[PDB]
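Beneath this line is the structure, given in structure tokens, with notes to follow.
Each ligand, and each atom within it, is numbered from 1 in the order the structure gives. Convention: sequence-line order gives letters A, B, ...; per-chain numbering from 1. All values below come from the heavy atoms of this structure, side chains included, with hydrogens, waters and symmetry mates left out.
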2 protein chains.
Amino acid sequence: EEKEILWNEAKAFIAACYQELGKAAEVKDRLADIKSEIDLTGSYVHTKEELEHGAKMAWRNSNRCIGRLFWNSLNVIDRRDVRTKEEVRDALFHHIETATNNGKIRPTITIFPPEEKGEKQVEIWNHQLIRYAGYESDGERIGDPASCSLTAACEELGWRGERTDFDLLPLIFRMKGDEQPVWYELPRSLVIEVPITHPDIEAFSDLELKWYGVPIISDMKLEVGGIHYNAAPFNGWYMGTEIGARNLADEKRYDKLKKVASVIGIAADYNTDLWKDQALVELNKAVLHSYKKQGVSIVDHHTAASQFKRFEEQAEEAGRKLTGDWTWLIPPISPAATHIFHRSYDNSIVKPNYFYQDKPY
Amino acid sequence: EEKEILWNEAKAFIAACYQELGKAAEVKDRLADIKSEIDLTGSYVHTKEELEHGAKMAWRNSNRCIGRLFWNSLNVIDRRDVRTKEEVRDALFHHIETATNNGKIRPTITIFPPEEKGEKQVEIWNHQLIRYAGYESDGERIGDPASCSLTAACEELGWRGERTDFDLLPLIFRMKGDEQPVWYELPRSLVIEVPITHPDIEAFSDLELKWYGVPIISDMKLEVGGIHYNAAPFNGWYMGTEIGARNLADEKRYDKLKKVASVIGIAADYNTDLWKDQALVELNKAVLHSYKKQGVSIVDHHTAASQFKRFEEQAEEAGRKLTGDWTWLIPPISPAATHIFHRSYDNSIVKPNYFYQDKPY
Ligand code: HEM
Ligand code: HEM
Ligand SMILES: Cc1cc(N)nc(CCc2cc(CN)cc(CCc3ccc4cc[nH]c4n3)c2)c1
Ligand SMILES: Cc1cc(N)nc(CCc2cc(CN)cc(CCc3ccc4cc[nH]c4n3)c2)c1
Ligand SMILES: [Cl-]
Ligand SMILES: [Cl-]
């Protein structure tokens, strides 16, 4: 069964991939090489072209992603050659540096060796390569509550956070054959952070908010042609609302709206004053302003939705079915001001794609 | 088949209704009366208690409605006795007056005679009893574009709008046996309108915006126990975002955001300035303020979501499955600031319920 699943996924993928690459005539011979390879080895190895286009197709198929217009420009780094934890660490450091690109963020994916017998070669524990720690104890909450479980797991490995609201979690991953993950502190020179200030409201710096420049999702599985790349961290740039309407605003995250309300000089007393909405807008304006001011890539949700509309038009023009998850595609502020809100999307799962996998902690 | 559908829906409804009313023991005898009635007449007649609780259950089952906490307080007006167009007209006028209640809006439904052989006794053409006309011609757009088709249909019946942006459409409905609907101008004394002003920004009145006090949906079919009440207009009060984030803001409706931006003194030039979001918040604050100032019922989306959370808790506590359509339940501004956004809802259709039906024009 295992092998039959693999073979069927490989056939569909290679046929589709090669068609898109204009290599339609090579499908037959490649499929033959793959089938015998699967027969012999229980698996097969992607060519660099297949892997690269596979990661791009996976992004293009990511229903929840508004940023897919740029799918074909994904920078794919093939690190299927890594074998040691230092090679993994340096590959992760490299991804951060090359994706960050001095602020002009390059959408990048680094692809590590894939699972073999469902057995991981590299198991990344981080949810994002760059993320803040979270702590909860003695009534006290510090940092990002979303990171509490990983933070506690890290501190079981002998790491200790300074317990600021913005401690960078170390990289943490486990190699095949090791019982415990290893952790490495992020070099701060690698990590761009953006202080959050507001273009018009000077008191906004009193909140001492900041966020990191590059969201590098590191806990999803890239599946391409039946091959499971469980370790394949990827990044785009932020859409401002992710930071301003969610990371800094959610009650279960940094929960900053009341403080925002206070510094922008509005009462946070009456639902009918829409103070939360006003705070959200000002916080989101601040986030966009701050990233732009620092020369770090970011997109506002209106521009992002306009780009997504072009992705829709490109899909229709290429004869590709468009898939989408409306609930994730609409931005969390002024969604009805985007075209996304006013149409529907087929939430079908098409592969290649990125998938959730169980946390190792 | 027709009759079998009816009988099965009746059994389920009566059993459920009577259970909720503590009349469990009367189900058997009532079901017998109904079956013989269906046998004899091809249909059956709801008792006033069944009809009332039916309309309430239908509201309680309305997946898209955030206002359902108050389902059990629906004021049900039974107008199954009407036979003439003047009785229908006066019943509609009465609904407007009694629902409006001098601004302290009473959620009300007026139930007209149900379809018989699928044949309507009363066919209401209005989408809402109170709504503004829309016109498009010679490049020029006036009023509410959403009403363009009905407006044109009305003007085919000898009605003529003044072509302000806020012409009240007349009531328009067709009686069984008549080829053409009749129309009646709404008495202006019946119709509460609210001028839109802003609590802090005096220039906001320069927009000369207004909206009507009571949304009275008049084109949906109430289905209860297999009986199709195609004419059963109902109303709640507005949630502010419906007016401020949709009716006045949508590009395909009144499209007021650029004008709002101008009067609140912000540039409408750059997506990154989030001027649309800021305009939306200020427009929505104005709408809530204006309704409150005029003593007309309205709810803000935060309060509405808190009420909905209580509806969820009430459902769980009553042992009723909760159904919901997340895409309609989230408000179109700051949805992530509500609990609704952060959970999922079973969008199953449970009857009794309100359903779309084909437009007669
Ligand atoms: C180029 C800039 C990018 C932007 C602005 C962007 C935007 C977004 C946003 C805003 C979301 C979350 C939507 C929400 O919270 O409701 C998202 C989800 C996602 N994006 Fe993108 N994205 C970008 C690049 C990428 C890249 C390069 C990949 C992969 C190669 C990717 C794959 C995904 C996936 C898989 C999700 C869903 C994650 C999940 O289910 O938790 N995106 N994107
Ligand atoms: C009491 C005040 C009420 C409030 C604040 C309220 C709120 C809302 C809102 C905001 C929506 C639309 C959601 C959206 O646009 O995304 C809605 C939809 C709906 N409401 Fe309510 N509602 C109320 C009363 C009622 C009543 C009395 C009924 C019927 C007896 C009702 C039945 C519905 C139905 C059927 C829909 C869906 C309409 C459609 O599919 O087009 N609501 N409600
Ligand atoms: C590569 C990349 C770039 C970018 N700019 N953004 C992302 C998405 C990051 C992300 C990751 C996760 C973890 N599953 C969640 C979210 C938002 C999650 C979320 C949470 C709740 C809701 C409700 C409706 N939509 C919702 N979406 C966002 C990924
Ligand atoms: C009784 C009642 C009271 C009240 N306050 N609001 C309503 C709902 C009125 C309404 C009617 C219709 C017509 N189908 C539509 C809408 C909003 C429609 C809408 C349109 C687009 C989207 C996208 C996501 N959700 C969306 N919802 C709202 C009904
Ligand atoms: Cl994030
Ligand atoms: Cl409306």
Quick check: does [X] get an N/O under 3.5 Å from an N/O on ligand 3?
{"X": "A:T327", "answer": "yes"}
{"X": "B:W326", "answer": "no"}
{"X": "A:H127", "answer": "no"}

Quick check: B:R64 and ligand 2, any N/O pair under 3.5 Å apart?
yes

Which bit of [X] gets closer than 4.0 Å to ligand 3, counting heavy atoms only: side chain, backbone, both or neither?
{"X": "A:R64", "answer": "neither"}
{"X": "A:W237", "answer": "backbone"}
{"X": "B:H342", "answer": "neither"}

Closer than 4.0 angstrom: is that true for some heavy atom of A:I66 and an atom of ligand 1?
yes

Picking from B:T108, B:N75, B:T100, B:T110, what satisfies side chain to side chain donor-acceptor pair (under 3.5 Å) with B:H95?
B:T110

Considering only heavy atoms, which of [options] lies nearest to [atom]?
{"atom": "atom 29 (C) of ligand 3", "options": "A:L329, A:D219, A:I217", "value": "A:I217"}
{"atom": "atom 5 (C) of ligand 2", "options": "B:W328, B:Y356, B:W237", "value": "B:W237"}
{"atom": "atom 30 (C) of ligand 2", "options": "B:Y354, A:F341, B:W326, B:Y238", "value": "B:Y354"}
{"atom": "atom 12 (C) of ligand 3", "options": "B:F341, A:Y354, A:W328", "value": "A:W328"}

Do A:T272 and B:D300 have side-chain atoms, one donor and one acceptor, less than 3.5 Å apart?
no

Pairing donors with acceptors under 3.5 angstrom, does anything connect the side chains of A:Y238 and A:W211?
yes

Atom 20 (N) of ligand 1: nearest protein contact (heavy atom, Å):
A:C65 CB, 3.3 Å

Protein contact of atom 38 (C) of ligand 1 - nearest heavy atom, named by residue and atom, plus distance
A:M220 SD, 4.0 Å

In this structure, does ligand 2 have an atom that sits under 4.0 Å from one of the heavy atoms of B:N235?
yes

Measuring from the heavy atoms of B:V299, does anything fall under 4.0 Å of ligand 2?
yes

A:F234 heavy atoms, cut-off 4.0 Å: which ligand 3 atoms fall inside?
1 (C)

For ligand 2, is any non-hydrogen atom under 4.0 Å from B:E242's backbone (N, CA, C, O), its side chain (CB onward), both, or neither?
side chain

